[PDB]
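S.K.: Have a look at the structure that comes next, please.
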Amino acid sequence: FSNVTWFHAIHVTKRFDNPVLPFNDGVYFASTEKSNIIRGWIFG
Amino acid sequence: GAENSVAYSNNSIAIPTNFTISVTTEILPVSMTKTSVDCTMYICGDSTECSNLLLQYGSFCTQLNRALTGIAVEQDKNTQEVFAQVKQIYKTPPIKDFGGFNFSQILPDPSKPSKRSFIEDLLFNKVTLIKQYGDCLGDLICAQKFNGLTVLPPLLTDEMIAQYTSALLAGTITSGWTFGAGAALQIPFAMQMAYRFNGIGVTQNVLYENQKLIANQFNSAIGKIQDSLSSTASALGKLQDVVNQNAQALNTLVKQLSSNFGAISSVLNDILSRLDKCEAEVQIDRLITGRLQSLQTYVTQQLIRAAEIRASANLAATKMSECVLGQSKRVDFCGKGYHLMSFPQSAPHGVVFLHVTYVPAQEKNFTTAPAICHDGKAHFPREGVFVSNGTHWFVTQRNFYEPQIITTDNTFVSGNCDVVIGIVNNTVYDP
Amino acid sequence: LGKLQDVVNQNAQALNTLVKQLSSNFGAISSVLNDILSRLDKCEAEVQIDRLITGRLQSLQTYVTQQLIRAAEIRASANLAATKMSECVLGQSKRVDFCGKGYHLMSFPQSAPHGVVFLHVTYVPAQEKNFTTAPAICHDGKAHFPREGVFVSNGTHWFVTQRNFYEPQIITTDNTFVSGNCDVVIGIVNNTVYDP
Amino acid sequence: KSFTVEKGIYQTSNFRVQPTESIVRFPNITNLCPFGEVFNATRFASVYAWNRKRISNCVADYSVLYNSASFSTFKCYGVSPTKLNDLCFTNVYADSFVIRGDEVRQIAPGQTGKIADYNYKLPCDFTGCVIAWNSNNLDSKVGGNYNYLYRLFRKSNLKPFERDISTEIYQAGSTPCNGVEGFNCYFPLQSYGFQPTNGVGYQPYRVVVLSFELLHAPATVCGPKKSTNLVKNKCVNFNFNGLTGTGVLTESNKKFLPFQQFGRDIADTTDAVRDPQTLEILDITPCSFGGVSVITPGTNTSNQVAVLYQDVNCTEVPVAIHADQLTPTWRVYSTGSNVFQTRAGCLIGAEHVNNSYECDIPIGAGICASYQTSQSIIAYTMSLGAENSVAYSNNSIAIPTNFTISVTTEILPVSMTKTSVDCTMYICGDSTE
Amino acid sequence: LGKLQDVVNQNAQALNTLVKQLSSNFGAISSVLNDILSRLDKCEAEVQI
Amino acid sequence: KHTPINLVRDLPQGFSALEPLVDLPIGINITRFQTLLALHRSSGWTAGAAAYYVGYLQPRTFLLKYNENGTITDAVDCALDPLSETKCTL
Ligand SMILES: *[C@@H]1O[C@H](CO)[C@@H](O[C@@H]2O[C@H](CO)[C@@H](O)[C@H](O)[C@H]2NC(C)=O)[C@H](O)[C@H]1NC(C)=O
Ligand SMILES: *[C@@H]1O[C@H](CO)[C@@H](O[C@@H]2O[C@H](CO)[C@@H](O)[C@H](O)[C@H]2NC(C)=O)[C@H](O)[C@H]1NC(C)=O
Ligand SMILES: *[C@@H]1O[C@H](CO)[C@@H](O[C@@H]2O[C@H](CO)[C@@H](O)[C@H](O)[C@H]2NC(C)=O)[C@H](O)[C@H]1NC(C)=O
Ligand SMILES: *[C@@H]1O[C@H](CO)[C@@H](O[C@@H]2O[C@H](CO)[C@@H](O)[C@H](O)[C@H]2NC(C)=O)[C@H](O)[C@H]1NC(C)=O
Ligand SMILES: *[C@@H]1O[C@H](CO)[C@@H](O[C@@H]2O[C@H](CO)[C@@H](O)[C@H](O)[C@H]2NC(C)=O)[C@H](O)[C@H]1NC(C)=O
Ligand SMILES: *[C@@H]1O[C@H](CO)[C@@H](O[C@@H]2O[C@H](CO)[C@@H](O)[C@H](O)[C@H]2NC(C)=O)[C@H](O)[C@H]1NC(C)=O
Ligand SMILES: *[C@@H]1O[C@H](CO)[C@@H](O)[C@H](O)[C@H]1NC(C)=O
Ligand SMILES: *[C@@H]1O[C@H](CO)[C@@H](O)[C@H](O)[C@H]1NC(C)=O
Ligand SMILES: *[C@@H]1O[C@H](CO)[C@@H](O)[C@H](O)[C@H]1NC(C)=O
Ligand SMILES: *[C@@H]1O[C@H](CO)[C@@H](O)[C@H](O)[C@H]1NC(C)=O
Ligand SMILES: *[C@@H]1O[C@H](CO)[C@@H](O)[C@H](O)[C@H]1NC(C)=O
Ligand SMILES: *[C@@H]1O[C@H](CO)[C@@H](O)[C@H](O)[C@H]1NC(C)=O
Ligand SMILES: *[C@@H]1O[C@H](CO)[C@@H](O)[C@H](O)[C@H]1NC(C)=O
Ligand SMILES: *[C@@H]1O[C@H](CO)[C@@H](O)[C@H](O)[C@H]1NC(C)=O
Ligand SMILES: *[C@@H]1O[C@H](CO)[C@@H](O)[C@H](O)[C@H]1NC(C)=O
Ligand SMILES: *[C@@H]1O[C@H](CO)[C@@H](O)[C@H](O)[C@H]1NC(C)=O
Ligand SMILES: *[C@@H]1O[C@H](CO)[C@@H](O)[C@H](O)[C@H]1NC(C)=O
Ligand SMILES: *[C@@H]1O[C@H](CO)[C@@H](O)[C@H](O)[C@H]1NC(C)=O
Ligand SMILES: *[C@@H]1O[C@H](CO)[C@@H](O)[C@H](O)[C@H]1NC(C)=O
């Protein structure tokens, strides 16, 4: 019952967002997706 | 509880005009599971090099096995002292002419292959808990057995305990309290009941005057017991707690094999495959110490529980002696009320007593006085108390309203009628 | 005298196990302090003697715990013995089988090593005879019941007798009492009631 | 722990069955391992960029790899070197590099210094070991090799198994110098000087670290041991991918996930295993199992006995005793004419008698035993007591005409010995230290 | 009222021994966890703890 | 873990247990990270409807229920709420 930051890209503006996020000793990444858009990650 | 207030007064009494024959079920544990433990199998999972390390302790496990053996013998003791009070198997009579009383629910059912009765059959179903080998090869019990934990069977089986109980019931209903004190005499049941009644301060006349009603009350009460422990299962709480504690301590004992106790692992095969002689020895010493310590903790808890169960079993033996084999004058020892009699029923790892008792029911106020001044001398009653319905004066026994006219045999005389306080004036009939 | 001997044996055996547990190493190089303190310097003598101390203190605690258990048992038995001394030596007990198989008459105490022995002397009825009985007696329409004892018959006459000894008495008004008509009661029979 | 046992029944442990043969069963991998590439490498990596090599599908050869290279320090954590052949490792990784002389001590758990803080850190929970050996004859040349570098400065120490190949200028002073060289801000890497004629503490040492984890995941590397054929339904000294135990094996039908290879019960011991060569799921049970009770009349009366095997089904007790391997003096008690299946288990060495008596020696489940005189042990259902029947009738009484004055002796303990213990005298045999 | 006071005293005294037993080392370098966890690294802090 | 779903807005109403796959020995300090989006192209681009959720892990004590088949079917987050705390203790 935590709070997770939602990000999404929708055509509709076009809402292009994929900023840099902190990686604080672990990340849980979930994608509700249909057309193979959320595909890869950078870490550093 | 309910707020209440008794209308105390220096000259007012309250006497019952009617009664109830209540039946109260109360449950005592007697025995618990005779467990046994092999240290070698538990601590050292059938590895010889761990057995040799353990061997230098030696006396610890002799001590533990001795303690658990003592516990098991103590349980068989407890069952013996509770149920084997009499070494004469009185078989029940075939014809149930007990003056209206119906014991079919408590007496053995010959149709059933077992000698359990209806009530005993119910009691064995409200408690939940023999695993032959080959079942485990093909569960909690299997893990327990694989780790050296066995459950020895009780010496007396349930059929034999039920046979003892049936003998006790037959003696109680055919002979009364006489079969406890040596040879079992015989007595028609309604007379024995008359005299259990006399024992509680009500004359035998009241039973014979209300024999059918009293038998009806007893039968109805037995039926209510049957329903009450056929509906809910929390009635047998104590026995189930005994079973649960005994089956749960073992589960913690096996679950404690997963602890490292500061070692590299908790599986002996891991240590004995990854390490050479030297450090395998020094780690296996840690594991052995930890597992032996947990074994000792389990055994100590078992000793505590065994002492508790022995206390309960001694109480059950006392109740079997003083309430089944006789009528107890001790208050609230064998039911809320004046004790008439009791019946035993077996149950898994314990016993159930149906205590049937006299409870005065319908009270009426009366004006009373301690004495009667006839002609200057004071009269006191032998049995009962002076009572008044407003106009006349009678003697009556307490726990049933049965007024009698004042006569010389009803009473006795002692001194002049001035010393006593509260005395009143009335004539004393002379037969 | 099994129980007393078991007490003695357990007490003399726990001590023997306690001394026998001084031979355990508990993971040390030896079980004799002199060996460790002669073969080792300060450092490792300390670290091994800690193991030995922990083990021996643990065994001591085990012994003391067992002694506490046994002491609780013995206190229960002693409280029972005090109750028996009070209720059977200092008096006569109506409790059944508390102070002997039978109707209790009296008891004598005798001392014994670490315990007590009670000679309970009791009354046991011996030679029983069958009789025909009835709960009541209808004299002239009224029912008669006995005060002490029971109505009994030798086939021809009717007597009152006290239970645990056959001592028949002729039916009289002081032997019995009267309560109501002689219809309500079940099993009543017909007989005269002598009037002194 | 004595000779003159008294009359009774005694539980005992099981010294009966002992193992006789050993079983080894490792997978079918014969590829000699790529150890020449990590040990016999022309160039090792600089410590700040230590080279991690994956190793898989190997018959990893013997303990020290004492072929030609004489290894200075070979100290192993979690695994004894001697057993190093007997095991099968899950996830092996070879961490290779070269450092100077005196710093070889730093490659171990809990160490610290230049190497173990800026270059290469190990965990405490480390299972594996560290082969270190001098290589001055190779990794040093005249004028000193300026190829082997170490991280001279870092703003914080490393975490275990973390690499750092950055080259940002380390600001020793509080004033940043925008990433160039200057005063109070220095280049974080420093090159070793390995002359061929310099002290022992400055000679280049080749180090490799084999890091792995044992007996928790599907093994891929296996030791040099040759497999055998498992002996089933009989207890051996099995060896399934490294573990060493004792116990009968049996088939099973558990649904193992592909990434799982072991299965543990509540007790944390192995209750499910997957055979390496044959892909199948099995389960394990011990063989020293079952309680054994021994019934004896008191020695000084005889030496005959009887034996109760708890909860066994003695149409198949000899397979439970394992009566294919034991002295015959026990096997006579495994099968015979005098067998009796009580609800408590099976009894051997006593004849079942249809009578019923008050009994001396309890057995269980309503069965007792005794030594009767026809000189032998008998087992029977006890007698609860004399059968009796009271002639109840609605108008018949029984009254005593005579009595007895009985005297009954009954014994209660009251006290026990008031013991006392001095800890100091007991624990510490009058030694002050 | 000796018996009641003995009950109270035993119950309040066993607790006092329980807290007083936190001062024992049991063979460790100290009896305060902060000491061990400040003076030692992971490995030997684990083995002493 | 990969699963089928026919919900469009927010998280599923249920519970799934993640399996391992990989355990790469990269030896890399990580403090920041990022996601790699795609462009449907035909600034001349369009983006399909996609949604990603990010949640930071925390050091917690959990309780897990392994069913008879050996897969996690239920769990408890100790210190979530008092009820879960008691499920943890008991
Ligand atoms: C004493 O109490 C019993 C019930 O406990 C009474 O029995 C009831 O009497 C009435 C009328 O006489 C009947 O309608 C009921 O059917 C009876 N119930 C039962 C269970 O028997 C009895 O009447 C009372 N007697 C006196 C003198 O008060
Ligand atoms: C005693 O109680 C039972 C009720 O439990 C009376 O009725 C019998 O109950 C059992 C089980 O319900 C039946 O198998 C019998 O067929 C019932 N008998 C009759 C005549 O209906 C039983 O009758 C009572 N005993 C007497 C002598 O009346
Ligand atoms: C009970 O009866 C006696 C005598 O019948 C009463 O005693 C008399 O009491 C009155 C005073 O009330 C005196 O004047 C008489 O002298 C007494 N006579 C005798 C023979 O004692 C007595 O008072 C009566 N008790 C009550 C409560 O009325
Ligand atoms: C006991 O005696 C009474 C009277 O002496 C008997 O009552 C008579 O019984 C008969 C029937 O058997 C009736 O015809 C009479 O009318 C009754 N007379 C009276 C006064 O009650 C009674 O039957 C006798 N009891 C027995 C068992 O014989
Ligand atoms: C991993 O990277 C981060 C930043 O890239 C390091 O954290 C910084 O460390 C320096 C000193 O070493 C500090 O001046 C910064 O304030 C830190 N920033 C943050 C956000 O923590 C971190 O030290 C690196 N991890 C290791 C083990 O070195
Ligand atoms: C009651 O029992 C006692 C014995 O317990 C009987 O005493 C015996 O009586 C016979 C003949 O009267 C003698 O030969 C015996 O010597 C007596 N034995 C003892 C120990 O005293 C007594 O006779 C019995 N009395 C009755 C009325 O039955
Ligand atoms: C996120 O969830 C937590 C608890 O559910 C809540 O306290 C917090 O307010 C939420 N964030 C926002 C912006 O509301
Ligand atoms: C007896 O008297 C008091 C008050 O006078 C009354 O409350 C009580 O109900 C009476 N007892 C009975 C059984 O009615
Ligand atoms: C009291 O009992 C007597 C007995 O005959 C009776 O005459 C009288 O009517 C009764 N009075 C009351 C109020 O009950
Ligand atoms: C009882 O108490 C009342 C008033 O409390 C008093 O009038 C009466 O005299 C007393 N009777 C006796 C016998 O004490
Ligand atoms: C009483 O009667 C029964 C059978 O009628 C008989 O077996 C029994 O022996 C008799 N009692 C005595 C003491 O004889
Ligand atoms: C019964 O007792 C009476 C008392 O006199 C006696 O006359 C009669 O003979 C006795 N009958 C038998 C069978 O004992
Ligand atoms: C006693 O039982 C018999 C038959 O069982 C019967 O004939 C007789 O009438 C009964 N007598 C009484 C008082 O119940
Ligand atoms: C390994 O290889 C073959 C083919 O998979 C297989 O039949 C065999 O049983 C395995 N074990 C050995 C020792 O060859
Ligand atoms: C490594 O190289 C030397 C020759 O330089 C050779 O003698 C030795 O056999 C090699 N060892 C391995 C494992 O390749
Ligand atoms: C045991 O044997 C000894 C000597 O052999 C003998 O003195 C003693 O009576 C025997 N005890 C029993 C109960 O047989
Ligand atoms: C196992 O025991 C049961 C009764 O306990 C028996 O019926 C069965 O035959 C036994 N199994 C075999 C193979 O005999
Ligand atoms: C014992 O009883 C069983 C069952 O009735 C019977 O089969 C067997 O022949 C009997 N054996 C002897 C020696 O009486
Ligand atoms: C467990 O596996 C078996 C066989 O695949 C299947 O029948 C059963 O439904 C499964 N049960 C659960 C709770 O997954």
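The residue numbers of chain F are those assigned by Swiss-Prot, with the residues present covering 206-247, 256-303 sequentially.
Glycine is no exception: its Cβ is also placed from the backbone N, Cα and C atoms.
Heads up, here are the entries from Swiss-Prot:
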- F:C291-F:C301: disulfide bond (DISULFID)
- F:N234: N-linked glycosylation site (CARBOHYD)
- F:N282: N-linked glycosylation site (CARBOHYD)
- F:280-301: region 'Putative superantigen' (REGION)
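Please go over these features one by one and say how buried each is and what sits next to it.
M.R.: F:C301 (disulfide bond) falls within a helix when secondary structure is assigned with DSSP. Under a cutoff of 8 A between CB atoms, and with a sequence separation of 6+ in the same chain, the neighbours of F:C301 (disulfide bond) are F:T274, F:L276, F:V289, F:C291, F:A292.
F:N234 (N-linked glycosylation site) falls within neither a helix nor a strand when secondary structure is assigned with DSSP, and so counts as coil. Annotation for F:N234 (N-linked glycosylation site): no same-chain Cβ neighbours under 8 Å separated by at least 6 residues are found.
Residues within less than 8 Å, Cβ to Cβ, of F:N282 (N-linked glycosylation site) and separated from it by at least 6 positions along the same chain comprise none. The secondary structure of F:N282 (N-linked glycosylation site), as reduced to three states from DSSP, is coil rather than helix or strand.
Long-range neighbours of the region 'Putative superantigen' (F:280-301) within the same chain, counting only residues 6 or more positions beyond its ends whose Cβ lies under 8 Å from a Cβ of the stretch, are 220, 222, 273-274.
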S.K.: Return the count of C-beta atoms lying within 10 angstroms of the C-beta of F:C291 (disulfide bond), excluding that atom itself.
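M.R.: Its Cβ shell of radius 10 Å holds 15 other Cβ atoms.
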S.K.: Out of F:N234, F:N282, F:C301, which recorded positions have CB atoms lying under 6 Å from ligand 9?
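M.R.: The recorded positions passing the 6 Å Cβ test: none.
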